[PDB]
>>> print(open('data13.pdb').read())   # PDB, C-alpha atoms and all ligand atoms
ATOM      1  CA  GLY A 108      40.749 -11.783 -19.763  1.00  0.00           C
ATOM      2  CA  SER A 109      39.506 -14.130 -22.467  1.00  0.00           C
ATOM      3  CA  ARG A 110      36.963 -12.197 -24.536  1.00  0.00           C
ATOM      4  CA  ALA A 111      35.165 -15.472 -25.260  1.00  0.00           C
ATOM      5  CA  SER A 112      33.141 -14.715 -22.121  1.00  0.00           C
ATOM      6  CA  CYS A 113      31.010 -12.233 -24.089  1.00  0.00           C
ATOM      7  CA  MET A 114      30.128 -14.899 -26.651  1.00  0.00           C
ATOM      8  CA  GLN A 115      28.911 -17.673 -24.366  1.00  0.00           C
ATOM      9  CA  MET A 116      25.439 -19.135 -23.903  1.00  0.00           C
ATOM     10  CA  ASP A 117      23.252 -16.789 -21.879  1.00  0.00           C
ATOM     11  CA  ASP A 118      21.596 -18.661 -19.029  1.00  0.00           C
ATOM     12  CA  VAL A 119      19.308 -15.671 -18.664  1.00  0.00           C
ATOM     13  CA  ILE A 120      17.918 -15.830 -22.194  1.00  0.00           C
ATOM     14  CA  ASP A 121      17.357 -19.585 -22.016  1.00  0.00           C
ATOM     15  CA  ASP A 122      15.567 -18.824 -18.769  1.00  0.00           C
ATOM     16  CA  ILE A 123      13.270 -16.358 -20.552  1.00  0.00           C
ATOM     17  CA  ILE A 124      12.042 -18.982 -23.032  1.00  0.00           C
ATOM     18  CA  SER A 125      11.492 -21.444 -20.205  1.00  0.00           C
ATOM     19  CA  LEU A 126       9.584 -18.786 -18.234  1.00  0.00           C
ATOM     20  CA  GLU A 127       7.545 -17.945 -21.342  1.00  0.00           C
ATOM     21  CA  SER A 128       6.565 -21.605 -21.450  1.00  0.00           C
ATOM     22  CA  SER A 129       6.032 -22.269 -17.749  1.00  0.00           C
ATOM     23  CA  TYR A 130       6.682 -19.189 -15.604  1.00  0.00           C
ATOM     24  CA  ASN A 131       5.043 -20.944 -12.665  1.00  0.00           C
ATOM     25  CA  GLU A 132       2.553 -23.383 -14.092  1.00  0.00           C
ATOM     26  CA  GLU A 133       2.569 -25.205 -10.742  1.00  0.00           C
ATOM     27  CA  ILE A 134       0.012 -22.738  -9.364  1.00  0.00           C
ATOM     28  CA  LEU A 135      -1.924 -22.774 -12.641  1.00  0.00           C
ATOM     29  CA  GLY A 136      -2.642 -26.484 -12.775  1.00  0.00           C
ATOM     30  CA  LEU A 137      -4.417 -25.671 -16.011  1.00  0.00           C
ATOM     31  CA  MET A 138      -6.444 -28.532 -17.417  1.00  0.00           C
ATOM     32  CA  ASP A 139      -8.383 -28.723 -20.670  1.00  0.00           C
ATOM     33  CA  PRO A 140     -11.626 -30.599 -19.896  1.00  0.00           C
ATOM     34  CA  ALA A 141     -12.315 -31.836 -23.413  1.00  0.00           C
TER      35      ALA A 141
ATOM     36  CA  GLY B1721      -8.445 -27.722 -26.711  1.00  0.00           C
ATOM     37  CA  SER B1722      -6.894 -24.422 -27.813  1.00  0.00           C
ATOM     38  CA  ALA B1723      -3.333 -25.225 -26.736  1.00  0.00           C
ATOM     39  CA  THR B1724      -1.767 -28.270 -25.090  1.00  0.00           C
ATOM     40  CA  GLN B1725       1.162 -26.091 -24.033  1.00  0.00           C
ATOM     41  CA  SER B1726       1.243 -22.731 -22.276  1.00  0.00           C
ATOM     42  CA  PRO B1727       1.878 -19.953 -24.844  1.00  0.00           C
ATOM     43  CA  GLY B1728       4.138 -17.021 -24.065  1.00  0.00           C
ATOM     44  CA  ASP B1729       1.334 -14.733 -25.203  1.00  0.00           C
ATOM     45  CA  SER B1730      -0.954 -15.666 -22.339  1.00  0.00           C
ATOM     46  CA  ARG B1731       1.753 -16.012 -19.685  1.00  0.00           C
ATOM     47  CA  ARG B1732       2.980 -12.558 -20.683  1.00  0.00           C
ATOM     48  CA  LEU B1733      -0.242 -10.730 -19.893  1.00  0.00           C
ATOM     49  CA  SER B1734      -0.892 -13.122 -17.007  1.00  0.00           C
ATOM     50  CA  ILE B1735       2.384 -12.029 -15.412  1.00  0.00           C
ATOM     51  CA  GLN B1736       1.793  -8.332 -16.193  1.00  0.00           C
ATOM     52  CA  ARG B1737      -1.567  -8.404 -14.382  1.00  0.00           C
ATOM     53  CA  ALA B1738       0.058 -10.108 -11.426  1.00  0.00           C
ATOM     54  CA  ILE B1739       2.889  -7.605 -11.595  1.00  0.00           C
ATOM     55  CA  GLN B1740       0.426  -4.721 -11.256  1.00  0.00           C
ATOM     56  CA  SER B1741      -0.567  -6.355  -8.002  1.00  0.00           C
ATOM     57  CA  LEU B1742       3.008  -7.039  -6.947  1.00  0.00           C
ATOM     58  CA  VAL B1743       4.486  -3.613  -7.688  1.00  0.00           C
ATOM     59  CA  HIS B1744       1.624  -1.873  -5.895  1.00  0.00           C
ATOM     60  CA  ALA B1745       1.319  -4.220  -2.878  1.00  0.00           C
ATOM     61  CA  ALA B1746       5.099  -4.195  -2.428  1.00  0.00           C
ATOM     62  CA  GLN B1747       5.317  -0.496  -1.575  1.00  0.00           C
ATOM     63  CA  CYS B1748       1.705   0.274  -0.698  1.00  0.00           C
ATOM     64  CA  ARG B1749       1.622   1.729   2.807  1.00  0.00           C
ATOM     65  CA  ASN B1750      -2.028   2.713   2.521  1.00  0.00           C
ATOM     66  CA  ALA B1751      -3.938   0.791   5.143  1.00  0.00           C
ATOM     67  CA  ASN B1752      -7.188   2.107   3.704  1.00  0.00           C
ATOM     68  CA  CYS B1753      -6.232   0.427   0.413  1.00  0.00           C
ATOM     69  CA  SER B1754      -9.046  -1.855  -0.715  1.00  0.00           C
ATOM     70  CA  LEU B1755      -8.404  -2.585  -4.384  1.00  0.00           C
ATOM     71  CA  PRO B1756      -8.875  -6.083  -6.000  1.00  0.00           C
ATOM     72  CA  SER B1757      -5.441  -7.798  -5.804  1.00  0.00           C
ATOM     73  CA  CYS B1758      -3.061  -5.550  -3.697  1.00  0.00           C
ATOM     74  CA  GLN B1759      -4.546  -6.793  -0.408  1.00  0.00           C
ATOM     75  CA  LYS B1760      -3.923 -10.441  -1.241  1.00  0.00           C
ATOM     76  CA  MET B1761      -0.713  -9.753  -3.101  1.00  0.00           C
ATOM     77  CA  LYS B1762       0.347  -7.822  -0.002  1.00  0.00           C
ATOM     78  CA  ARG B1763       0.354 -11.038   2.028  1.00  0.00           C
ATOM     79  CA  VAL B1764       2.292 -12.514  -0.876  1.00  0.00           C
ATOM     80  CA  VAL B1765       5.029  -9.874  -0.595  1.00  0.00           C
ATOM     81  CA  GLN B1766       4.682 -10.348   3.156  1.00  0.00           C
ATOM     82  CA  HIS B1767       5.021 -14.109   2.626  1.00  0.00           C
ATOM     83  CA  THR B1768       8.524 -13.714   1.239  1.00  0.00           C
ATOM     84  CA  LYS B1769       9.522 -11.785   4.399  1.00  0.00           C
ATOM     85  CA  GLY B1770      10.491 -14.937   6.267  1.00  0.00           C
ATOM     86  CA  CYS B1771      10.844 -17.448   3.480  1.00  0.00           C
ATOM     87  CA  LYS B1772      13.378 -20.198   3.971  1.00  0.00           C
ATOM     88  CA  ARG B1773      11.101 -22.805   2.398  1.00  0.00           C
ATOM     89  CA  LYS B1774      11.779 -21.348  -1.054  1.00  0.00           C
ATOM     90  CA  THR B1775      15.356 -22.653  -1.130  1.00  0.00           C
ATOM     91  CA  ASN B1776      13.863 -26.150  -0.861  1.00  0.00           C
ATOM     92  CA  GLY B1777      11.511 -25.397  -3.725  1.00  0.00           C
ATOM     93  CA  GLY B1778       8.535 -25.170  -1.399  1.00  0.00           C
ATOM     94  CA  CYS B1779       7.621 -21.635  -2.445  1.00  0.00           C
ATOM     95  CA  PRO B1780       5.268 -21.471  -5.479  1.00  0.00           C
ATOM     96  CA  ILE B1781       4.702 -17.878  -4.528  1.00  0.00           C
ATOM     97  CA  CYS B1782       8.370 -16.922  -4.400  1.00  0.00           C
ATOM     98  CA  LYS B1783       8.508 -18.919  -7.659  1.00  0.00           C
ATOM     99  CA  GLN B1784       5.948 -16.405  -8.955  1.00  0.00           C
ATOM    100  CA  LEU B1785       7.752 -13.333  -7.682  1.00  0.00           C
ATOM    101  CA  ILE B1786      10.919 -14.738  -9.209  1.00  0.00           C
ATOM    102  CA  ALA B1787       8.898 -15.496 -12.357  1.00  0.00           C
ATOM    103  CA  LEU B1788       7.397 -12.035 -12.676  1.00  0.00           C
ATOM    104  CA  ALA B1789      10.225  -9.958 -11.199  1.00  0.00           C
ATOM    105  CA  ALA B1790      12.728 -11.513 -13.577  1.00  0.00           C
ATOM    106  CA  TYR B1791      10.490 -10.394 -16.428  1.00  0.00           C
ATOM    107  CA  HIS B1792       9.868  -7.063 -14.720  1.00  0.00           C
ATOM    108  CA  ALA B1793      13.606  -6.609 -14.108  1.00  0.00           C
ATOM    109  CA  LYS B1794      14.276  -7.306 -17.792  1.00  0.00           C
ATOM    110  CA  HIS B1795      13.567  -3.616 -18.201  1.00  0.00           C
ATOM    111  CA  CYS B1796      15.020  -2.566 -14.852  1.00  0.00           C
ATOM    112  CA  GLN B1797      18.441  -0.996 -14.421  1.00  0.00           C
ATOM    113  CA  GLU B1798      17.625   0.552 -11.067  1.00  0.00           C
ATOM    114  CA  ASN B1799      19.161  -0.731  -7.841  1.00  0.00           C
ATOM    115  CA  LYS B1800      16.009   0.157  -5.939  1.00  0.00           C
ATOM    116  CA  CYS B1801      12.663  -1.148  -7.139  1.00  0.00           C
ATOM    117  CA  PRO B1802       9.143  -1.720  -5.743  1.00  0.00           C
ATOM    118  CA  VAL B1803       8.662  -5.502  -5.925  1.00  0.00           C
ATOM    119  CA  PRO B1804      10.808  -7.757  -3.705  1.00  0.00           C
ATOM    120  CA  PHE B1805      12.512 -10.163  -6.096  1.00  0.00           C
ATOM    121  CA  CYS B1806      13.538  -7.496  -8.609  1.00  0.00           C
ATOM    122  CA  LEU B1807      16.393  -6.506  -6.354  1.00  0.00           C
ATOM    123  CA  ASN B1808      17.046 -10.226  -5.917  1.00  0.00           C
ATOM    124  CA  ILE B1809      17.660 -10.455  -9.678  1.00  0.00           C
ATOM    125  CA  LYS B1810      20.096  -7.566  -9.311  1.00  0.00           C
ATOM    126  CA  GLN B1811      21.989  -9.554  -6.662  1.00  0.00           C
ATOM    127  CA  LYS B1812      23.479 -11.625  -9.471  1.00  0.00           C
TER     128      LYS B1812
HETATM  129 ZN    ZN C   1      -2.565  -1.030  -2.271  1.00  0.00          ZN
HETATM  130 ZN    ZN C   2       8.135 -17.711  -0.243  1.00  0.00          ZN
HETATM  131 ZN    ZN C   3      12.259  -3.657 -11.132  1.00  0.00          ZN
END
>>> encode(input="data13.pdb", output="C-alpha cells")
Amino acid sequence: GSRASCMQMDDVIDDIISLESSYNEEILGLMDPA
Amino acid sequence: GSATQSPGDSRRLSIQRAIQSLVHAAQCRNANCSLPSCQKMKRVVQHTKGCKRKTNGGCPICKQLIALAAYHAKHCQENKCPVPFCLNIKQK
C-alpha cells in the first residue's frame, strides 16, 4: 500500500494535547474566585 | 489567579491519582475493602457496566475513564488490563 500512511497526522497525539488541556474539565468546573 | 487554563502538569497527577482508584476498583473483589477512593470508584467502574448514555455524551464519568485509560493505555501493550476503558482503547 501507499507508505504515506505512516507519515500522516496522528489523531491520537493531537488527542493527548487536548486531554492534557482538558481531560474532563466538565467535572472539574474549576473557578478562580479572584 | 495562578492559571486561566488547565496545565498538563496538574491534570497529569490528577489523572494518576484517579487512575490509582480506577485500576484498583476495577479488579478489586475484596468486599472488606474500605480504602479512600476504590469504594466510590467501584460504582464508577460499575457505572460503565450498562452505559448507553455515554454515546450521547451524557457520561462525564465514562469521559473520565476514557480520559484516564487513554493516558494509562499509552504505556499499555497488553490485551487484558484492570481498568475498563483501557481495553476499549485497544478496540481501535
Ligand atoms: Zn478495593
Ligand atoms: Zn458511563
Ligand atoms: Zn492498561
>>> resolve_selection(input="data13.pdb", expression="the PyMOL selection byres (((not hetatm)) within 9 of (chain C and resi 3))", output="list in words")
residues 1743, 1789, 1790, 1791, 1792, 1793, 1794, 1795, 1796, 1797, 1798, 1799, 1800, 1801, 1802, 1803, 1804, 1805, 1806, 1807, 1809 and 1810 of chain B
>>> atom_distance(input="data13.pdb", atom1="atom CA of residue 1780 of chain B", atom2="atom CA of residue 122 of chain A")
17.0 Å
>>> resolve_selection(input="data13.pdb", expression="the PyMOL selection byres (((not hetatm)) within 9 of (chain C and resi 2))", output="MDAnalysis selection string")
chainID B and resid 1764:1775 1778:1783 1785
>>> interface_residues(input="data13.pdb", of="chain B", to="chain A", cutoff="9 Å", atoms="all atoms listed in the file", output="MDAnalysis selection string")
chainID B and resid 1721:1732 1735 1780:1781 1783:1784 1786:1788 1790:1791
>>> resolve_selection(input="data13.pdb", expression="the PyMOL selection byres (((not hetatm)) within 9 of (chain C and resi 1))", output="ChimeraX atom specification")
/B:1741,1744-1759,1761-1762
>>> atom_distance(input="data13.pdb", atom1="atom CA of residue 1760 of chain B", atom2="atom CA of residue 1739 of chain B")
12.7 Å
>>> atom_distance(input="data13.pdb", atom1="atom CA of residue 121 of chain A", atom2="atom CA of residue 1812 of chain B")
16.1 Å
>>> axis_aligned_box(input="data13.pdb", around="segment 1793-1806 of chain B", padding_each_side="4 Å", output="JSON")
{"center_x": 13.9, "center_y": -4.8, "center_z": -11.0, "size_x": 18.5, "size_y": 18.7, "size_z": 22.5}
>>> closest_residue(input="data13.pdb", among="A:115, A:135, A:109, A:120", to="residue 1734 of chain B", atoms="all atoms listed in the file")
A:135
